[PDB]
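Quick notes on the structure that follows.
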Amino acid sequence: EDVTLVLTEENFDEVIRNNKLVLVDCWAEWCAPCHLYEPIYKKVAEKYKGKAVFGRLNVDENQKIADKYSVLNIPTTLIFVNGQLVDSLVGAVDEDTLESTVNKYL
């Protein structure tokens, strides 16, 4: 199942401010590496269902947000803890690295 959450300017801030750990997979359908990373991002999100929010920000529909966090390459996974950015991972993140990062911040 898919427990990831679509983020736009409409809910970006409230989600980050009101959840301890929030990840944001910045992607686009035309991006090959993104397509390969998606199932891994989804798989880890399922493992931590109910414990952290795994958002997805399509960069072509959220240019201002992508720009705000200088997302120049995708995929990029922004990591927010207690409403503030604690990391930004560029490129498809290895599953072990992704799970390790989540565990670390929870």
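Here Cβ is always computed from backbone atoms with ideal geometry, including for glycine, and neighbour counts include all displayed protein chains. No value in this document is a laboratory result; all are computed from the given coordinates.
Structure summary
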read-out: Spin-label zone in the stretch 43-64 - amide nitrogen under 20 Å from a point set 7 Å from the Cα of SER100 along the C-beta vector; value: 43-48
read-out: Lone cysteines, the chain (no partner Cβ under 4.7 Å); value: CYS26
read-out: Neighbour count of at most 15 Cβ within 10 Å plus DSSP loop: longest trypsin sites (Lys or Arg not before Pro)-free window in the chain; value: 52-106
read-out: Mean shadow area of the chain over all directions, Cα convex hull, nm²; value: 5.9
read-out: Loop-located chymotrypsin sites (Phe, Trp or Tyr not before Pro) in the stretch 1-72, at most 16 other Cβ atoms within 10 Å (DSSP); value: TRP30, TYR69
